[PDB]
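Okay, query.cif now, which holds mmCIF, C-alpha atoms:
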```
data_coords
loop_
_atom_site.label_atom_id
_atom_site.label_comp_id
_atom_site.auth_asym_id
_atom_site.auth_seq_id
_atom_site.Cartn_x
_atom_site.Cartn_y
_atom_site.Cartn_z
CA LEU A 1 23.79 -12.16 21.96
CA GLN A 2 25.38 -15.33 20.53
CA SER A 3 21.91 -16.84 20.87
CA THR A 4 20.55 -13.78 19.04
CA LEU A 5 23.03 -14.00 16.15
CA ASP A 6 22.59 -17.78 15.87
CA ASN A 7 18.82 -17.33 15.62
CA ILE A 8 19.12 -14.43 13.16
CA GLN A 9 21.43 -16.44 10.89
CA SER A 10 18.80 -19.00 9.85
CA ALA A 11 15.48 -17.77 11.33
CA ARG A 12 15.04 -14.48 9.45
CA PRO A 13 11.83 -14.53 7.37
CA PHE A 14 12.57 -11.45 5.28
CA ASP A 15 10.04 -12.37 2.58
CA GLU A 16 7.88 -14.95 4.40
CA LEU A 17 7.09 -13.44 7.82
CA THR A 18 3.44 -13.77 8.81
CA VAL A 19 1.69 -10.57 9.91
CA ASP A 20 -0.40 -12.65 12.32
CA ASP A 21 2.84 -14.03 13.75
CA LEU A 22 4.13 -10.47 14.16
CA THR A 23 0.95 -9.43 15.97
CA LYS A 24 1.04 -12.47 18.26
CA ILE A 25 4.72 -11.98 19.13
CA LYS A 26 4.28 -8.33 20.16
CA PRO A 27 0.92 -7.14 21.55
CA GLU A 28 2.44 -3.65 21.82
CA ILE A 29 1.99 -3.01 18.09
CA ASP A 30 -1.62 -4.17 18.43
CA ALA A 31 -2.17 -1.79 21.35
CA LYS A 32 -0.66 1.08 19.37
CA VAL A 33 -2.84 0.28 16.35
CA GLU A 34 -6.12 0.21 18.30
CA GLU A 35 -5.13 3.33 20.27
CA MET A 36 -4.41 5.34 17.12
CA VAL A 37 -7.51 3.93 15.41
CA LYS A 38 -9.77 5.03 18.27
CA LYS A 39 -7.97 8.38 18.48
CA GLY A 40 -8.75 9.12 14.82
CA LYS A 41 -5.19 10.21 13.93
CA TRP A 42 -4.57 7.80 11.06
CA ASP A 43 -1.10 9.25 10.44
CA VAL A 44 1.94 7.18 11.43
CA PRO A 45 4.70 9.80 11.94
CA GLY A 46 7.81 9.06 9.89
CA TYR A 47 6.38 6.75 7.23
CA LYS A 48 7.39 8.39 3.93
CA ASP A 49 11.01 8.83 5.06
CA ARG A 50 12.10 5.35 3.97
CA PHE A 51 9.11 3.99 2.02
CA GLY A 52 8.37 5.29 -1.46
CA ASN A 53 5.02 6.29 -2.92
CA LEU A 54 5.40 5.78 -6.72
CA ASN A 55 2.55 8.26 -6.75
CA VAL A 56 0.98 8.91 -10.13
CA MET A 57 0.14 12.27 -8.53
CA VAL B 1 41.64 11.63 47.80
CA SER B 2 40.96 7.93 47.21
CA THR B 3 40.26 5.78 44.14
CA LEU B 4 36.66 5.81 42.97
CA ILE B 5 35.62 2.71 41.07
CA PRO B 6 34.01 3.20 37.63
CA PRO B 7 35.06 0.11 35.69
CA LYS B 8 32.46 -2.25 37.22
CA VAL B 9 29.36 -0.04 37.47
CA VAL B 10 27.72 -1.17 34.21
CA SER B 11 25.45 -3.48 36.24
CA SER B 12 22.91 -0.72 36.96
CA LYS B 13 22.68 0.48 33.33
CA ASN B 14 23.68 -1.50 30.25
CA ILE B 15 26.29 0.27 28.14
CA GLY B 16 24.75 2.68 25.65
CA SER B 17 21.46 4.55 25.80
CA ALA B 18 19.87 4.63 22.33
CA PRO B 19 20.48 0.93 21.43
CA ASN B 20 19.13 -0.14 24.84
CA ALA B 21 15.57 0.47 23.63
CA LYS B 22 16.25 -1.45 20.41
CA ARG B 23 17.79 -4.38 22.32
CA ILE B 24 14.45 -5.45 23.82
CA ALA B 25 12.72 -4.62 20.53
CA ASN B 26 14.96 -6.91 18.44
CA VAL B 27 15.79 -9.70 20.90
CA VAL B 28 12.20 -10.81 21.53
CA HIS B 29 11.08 -11.39 17.93
CA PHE B 30 13.80 -13.98 17.23
CA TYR B 31 12.25 -16.62 19.50
CA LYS B 32 8.96 -17.12 17.61
CA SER B 33 10.61 -16.75 14.21
CA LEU B 34 10.06 -19.05 11.23
CA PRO B 35 13.32 -20.88 10.37
CA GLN B 36 12.53 -21.32 6.67
CA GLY B 37 8.91 -21.04 5.57
CA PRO B 38 7.53 -23.02 8.50
CA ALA B 39 3.83 -23.87 8.23
CA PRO B 40 3.51 -22.52 4.66
CA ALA B 41 -0.08 -23.83 4.38
CA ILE B 42 0.21 -23.74 0.58
CA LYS B 43 -2.36 -26.55 0.27
CA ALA B 44 -6.04 -25.98 1.03
CA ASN B 45 -9.44 -27.13 -0.22
CA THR B 46 -12.70 -25.29 0.48
CA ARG B 47 -14.32 -25.43 -3.01
CA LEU B 48 -12.52 -22.13 -3.76
CA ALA B 49 -8.99 -22.61 -2.38
CA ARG B 50 -7.85 -24.39 -5.55
CA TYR B 51 -8.84 -21.37 -7.64
CA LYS B 52 -6.96 -19.05 -5.26
CA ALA B 53 -3.85 -21.23 -5.41
CA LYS B 54 -3.89 -21.60 -9.20
CA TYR B 55 -4.81 -18.03 -10.19
CA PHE B 56 -4.97 -15.69 -7.17
CA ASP B 57 -1.41 -16.53 -6.10
CA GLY B 58 1.55 -14.16 -6.23
CA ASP B 59 3.55 -16.35 -8.61
CA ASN B 60 1.46 -15.53 -11.69
CA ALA B 61 -0.38 -12.34 -10.64
CA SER B 62 -1.58 -11.79 -14.22
CA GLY B 63 -4.73 -10.35 -15.76
CA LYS B 64 -5.99 -13.75 -16.91
CA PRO B 65 -8.41 -14.21 -13.95
CA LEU B 66 -10.13 -10.94 -14.85
CA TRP B 67 -10.61 -12.10 -18.45
CA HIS B 68 -11.92 -15.46 -17.21
CA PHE B 69 -14.37 -13.64 -14.93
CA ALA B 70 -15.52 -11.51 -17.88
CA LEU B 71 -16.03 -14.62 -20.01
CA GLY B 72 -17.99 -16.26 -17.19
CA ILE B 73 -20.23 -13.24 -16.72
CA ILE B 74 -20.83 -13.13 -20.49
CA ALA B 75 -21.82 -16.80 -20.45
CA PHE B 76 -24.12 -16.23 -17.48
CA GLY B 77 -25.71 -13.16 -19.05
CA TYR B 78 -26.33 -14.72 -22.46
CA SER B 79 -29.26 -16.73 -21.05
CA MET B 80 -31.05 -13.73 -19.54
CA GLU B 81 -30.23 -11.66 -22.62
CA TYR B 82 -32.21 -14.27 -24.55
CA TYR B 83 -34.91 -14.25 -21.86
CA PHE B 84 -35.35 -10.46 -21.89
CA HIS B 85 -34.69 -9.61 -25.54
CA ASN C 1 -25.65 -8.45 -34.29
CA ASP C 2 -26.64 -5.69 -31.86
CA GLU C 3 -24.15 -6.96 -29.25
CA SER C 4 -21.94 -9.73 -30.72
CA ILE C 5 -19.53 -7.34 -32.47
CA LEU C 6 -18.73 -5.96 -29.02
CA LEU C 7 -17.81 -9.51 -27.99
CA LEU C 8 -15.58 -9.75 -31.06
CA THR C 9 -13.80 -6.49 -30.21
CA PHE C 10 -13.39 -7.45 -26.54
CA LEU C 11 -10.73 -10.01 -27.50
CA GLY C 12 -8.77 -7.37 -29.41
CA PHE C 13 -9.06 -4.95 -26.49
CA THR C 14 -7.75 -7.59 -24.08
CA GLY C 15 -4.91 -8.40 -26.47
CA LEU C 16 -3.85 -4.76 -26.76
CA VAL C 17 -4.12 -4.34 -22.98
CA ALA C 18 -1.87 -7.36 -22.39
CA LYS C 19 0.52 -6.11 -25.08
CA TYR C 20 0.91 -2.54 -23.77
CA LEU C 21 -0.42 -1.90 -20.26
CA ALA C 22 0.36 -5.30 -18.72
CA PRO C 23 4.18 -5.22 -19.12
CA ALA C 24 4.29 -1.64 -17.81
CA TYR C 25 2.29 -2.50 -14.70
CA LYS C 26 4.33 -5.68 -14.21
CA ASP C 27 7.60 -3.73 -14.29
CA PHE C 28 6.18 -0.99 -12.05
CA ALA C 29 5.08 -3.52 -9.43
CA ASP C 30 8.27 -5.61 -9.58
CA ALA C 31 10.47 -2.52 -9.26
CA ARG C 32 8.97 -1.65 -5.88
CA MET C 33 8.96 -5.36 -5.01
CA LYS C 34 12.75 -5.36 -5.33
CA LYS C 35 12.96 -1.93 -3.66
CA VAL C 36 10.97 -3.06 -0.61
CA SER C 37 12.89 -6.34 -0.31
CA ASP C 38 16.25 -4.58 -0.60
CA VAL C 39 15.41 -1.78 1.85
CA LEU C 40 14.05 -4.31 4.36
CA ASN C 41 17.18 -6.44 4.07
CA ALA C 42 19.33 -3.30 4.37
CA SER C 43 17.52 -2.22 7.55
CA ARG C 44 17.98 -5.72 8.99
CA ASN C 45 21.66 -5.64 7.99
CA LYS C 46 22.08 -2.28 9.73
CA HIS C 47 20.41 -3.64 12.87
CA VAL C 48 22.57 -6.77 12.95
CA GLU C 49 25.71 -4.70 12.31
CA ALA C 50 24.74 -2.44 15.22
CA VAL C 51 24.21 -5.45 17.48
CA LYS C 52 27.56 -6.87 16.28
CA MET D 1 -5.95 -13.63 9.25
CA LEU D 2 -9.05 -11.44 9.54
CA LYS D 3 -9.89 -9.43 12.67
CA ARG D 4 -12.35 -6.69 13.61
CA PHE D 5 -10.80 -3.32 14.47
CA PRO D 6 -13.28 -0.73 15.87
CA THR D 7 -12.76 2.42 13.83
CA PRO D 8 -15.28 5.24 14.38
CA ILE D 9 -18.28 4.64 12.11
CA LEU D 10 -20.81 6.91 13.83
CA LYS D 11 -18.83 9.40 15.94
CA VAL D 12 -17.40 10.94 12.77
CA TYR D 13 -19.60 9.70 9.88
CA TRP D 14 -22.99 10.56 11.40
CA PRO D 15 -23.89 13.39 8.93
CA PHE D 16 -23.59 11.13 5.88
CA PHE D 17 -25.68 8.39 7.51
CA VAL D 18 -28.40 10.81 8.62
CA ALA D 19 -28.40 12.36 5.14
CA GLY D 20 -28.87 8.90 3.65
CA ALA D 21 -31.74 8.19 6.04
CA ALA D 22 -33.38 11.51 5.14
CA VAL D 23 -32.95 10.82 1.41
CA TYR D 24 -34.49 7.36 1.81
CA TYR D 25 -37.42 8.78 3.78
CA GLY D 26 -38.00 11.47 1.15
CA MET D 27 -37.87 8.88 -1.62
CA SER D 28 -40.40 6.71 0.22
CA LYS D 29 -42.70 9.70 0.75
CA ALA D 30 -42.44 10.83 -2.88
CA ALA D 31 -42.83 7.33 -4.34
CA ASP D 32 -46.63 7.63 -4.14
CA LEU D 33 -46.51 11.35 -5.06
CA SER D 34 -43.64 12.07 -7.48
CA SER D 35 -44.39 9.17 -9.83
CA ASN D 36 -47.43 10.39 -11.81
CA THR D 37 -48.57 6.78 -12.17
CA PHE E 1 -41.84 3.37 -10.54
CA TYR E 2 -39.45 0.44 -10.00
CA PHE E 3 -37.38 2.36 -7.46
CA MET E 4 -37.85 0.35 -4.24
CA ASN E 5 -35.42 -2.34 -5.38
CA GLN E 6 -32.04 -0.63 -5.97
CA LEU E 7 -31.89 2.72 -4.15
CA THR E 8 -32.50 1.69 -0.53
CA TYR E 9 -30.81 -1.63 -1.30
CA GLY E 10 -27.89 0.31 -2.74
CA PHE E 11 -27.72 2.42 0.42
CA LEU E 12 -27.59 -0.71 2.57
CA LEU E 13 -24.90 -1.99 0.20
CA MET E 14 -22.58 1.00 0.41
CA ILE E 15 -23.13 1.20 4.19
CA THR E 16 -22.08 -2.42 4.67
CA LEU E 17 -19.23 -2.04 2.17
CA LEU E 18 -17.94 1.06 3.98
CA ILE E 19 -18.13 -0.80 7.30
CA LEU E 20 -16.34 -3.87 5.94
CA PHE E 21 -13.64 -1.76 4.25
CA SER E 22 -12.89 0.54 7.19
CA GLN E 23 -12.98 -2.26 9.77
CA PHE E 24 -11.07 -4.93 7.81
CA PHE E 25 -9.00 -3.84 4.81
CA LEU E 26 -7.54 -0.47 5.81
CA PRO E 27 -6.28 -2.03 9.09
CA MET E 28 -4.25 -4.58 7.08
CA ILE E 29 -2.47 -1.81 5.16
CA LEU E 30 -1.96 0.10 8.41
CA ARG E 31 -0.58 -3.03 10.08
CA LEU E 32 1.88 -3.73 7.27
CA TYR E 33 2.96 -0.07 7.29
CA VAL E 34 3.59 -0.03 11.04
CA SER E 35 5.32 -3.42 10.94
CA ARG E 36 7.68 -2.25 8.19
CA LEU E 37 8.30 0.94 10.18
CA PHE E 38 9.03 -1.02 13.37
CA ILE E 39 11.38 -3.60 11.88
CA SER E 40 13.01 -0.85 9.81
CA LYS E 41 13.54 1.42 12.83
#
```
Please render this file's structure as structure tokens.
Amino acid sequence: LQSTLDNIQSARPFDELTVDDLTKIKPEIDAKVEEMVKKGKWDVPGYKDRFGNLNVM
Amino acid sequence: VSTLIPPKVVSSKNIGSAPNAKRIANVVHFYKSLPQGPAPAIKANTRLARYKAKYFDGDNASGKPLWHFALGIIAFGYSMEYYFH
Amino acid sequence: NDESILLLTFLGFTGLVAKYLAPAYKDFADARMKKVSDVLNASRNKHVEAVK
Amino acid sequence: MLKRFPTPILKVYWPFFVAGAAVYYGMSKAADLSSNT
Amino acid sequence: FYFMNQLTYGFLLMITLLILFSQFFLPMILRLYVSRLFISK
């Protein structure tokens, strides 16, 4: 956990993280995405709780 | 009747239940993490990469490219406007 | 001409668009830019405080 | 950068595609009939 | 008339555009949504 905090101190791409890097790091998110795509349920439960919509509607 | 021994049984299960799932979720992404904008790849050249860098970048993000495209399509269409009518 | 006056008025339309709609859309986009950045940093701060 | 993700294109969107095929076939049939030229 | 140049061609166009959209662009928005959800959760 010292290694974790030391990495997080200066290796935290908050505004410059690559989505391809995120996919390569964790294949679990890829597996989830293809599973839910092939299932047809495009909803991602719990997605408007923290992210706004600015909906003109 | 005797002394059972709790204070050294954390070996089988790490302390806490809910943050245990988040531990593996947040410890693994820090290894392959960009220190500070590693491999930005801000420079490219494929006969259209210069246009993307100059205009289609997030720094400006203005409506000028749309107006330039409209001017270009007007210039292209003037010739066939003359040709047709 | 049958079509050149439209070209003349296109410049005025673009000018009015940039004067009125462009700043509004710029502010609308930048507001959620800051919102997303701040909420992401806040979630990361909460996670690192939990791990601490 | 860009990857192919296999969303259902025929399992769920078959009626629209078959309707388009039928419309195209009807247009081709009526091109020599519903033209009056 | 001059109909066998834009109608069937237009159908091929919106078919290929629908395919490209649904297979490429919507997955990027879905991926960014799920990534924000994951690193927010």
**Prompt:** What does the PyMOL selection byres ((chain B and resi 63) around 12) select in this file, as a PyMOL selection string?
**Reply:** (chain B and resi 55-57+60-62+64-70) or (chain C and resi 14-15+17-19+21-23+25-26)
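When the PyMOL selection byres ((chain E and resi 4) around 12) is evaluated on the file shown here, the picked residues come out as residues 24, 25, 27, 28, 29, 30, 31 and 32 of chain D; 1, 2, 3, 5, 6, 7, 8, 9, 10 and 11 of chain E.
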**Asked** If you measure from CA of residue 37 (chain A) to CA of residue 22 (chain E), what distance in Å do you get, rounded to one decimal?
**Response** 10.4 Å
**Asked** Would you list which chain A residues are within 12 Å of chain B using only C-alpha atoms, as number ranges by chain?
**Response** A: 1-29
**Request:** Kindly provide, as a PyMOL selection string, the residues of chain A having any atom no farther than 10 Å from an atom of chain E, counting all atoms listed in the file.
**Result:** chain A and resi 19-20+22-23+29-30+32-34+37+42-51
**Request:** Quote the spacing between CA of residue 54 (chain A) and CA of residue 29 (chain C) in Å to one decimal place.
**Result:** 9.7 Å
**Prompt:** Which residues match the PyMOL selection byres ((chain D) within 8 of (chain A)) in the file above, as a ChimeraX atom specification?
**Reply:** /D:1,5-8
Give me a file of those residues, with C-alpha atoms, as an mmCIF file, in the frame of the given file.
```
data_model
loop_
_atom_site.group_PDB
_atom_site.id
_atom_site.type_symbol
_atom_site.label_atom_id
_atom_site.label_comp_id
_atom_site.auth_asym_id
_atom_site.auth_seq_id
_atom_site.Cartn_x
_atom_site.Cartn_y
_atom_site.Cartn_z
ATOM 1 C CA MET D 1 -5.950 -13.630 9.250
ATOM 2 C CA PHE D 5 -10.800 -3.320 14.470
ATOM 3 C CA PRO D 6 -13.280 -0.730 15.870
ATOM 4 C CA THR D 7 -12.760 2.420 13.830
ATOM 5 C CA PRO D 8 -15.280 5.240 14.380
#
```
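Counting from CA of residue 39 (chain C), the distance to CA of residue 24 (chain E) is 27.3 Å.
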**Prompt:** Within 8 Å of chain E, which residues of chain C show up when using all atoms listed in the file, listed as a ChimeraX atom specification?
**Reply:** /C:40,43-44
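Compared by their closest atoms to residue 52 (chain A), and using all atoms listed in the file, the residues C:33, C:5, C:45, C:50 rank with C:33 nearest.
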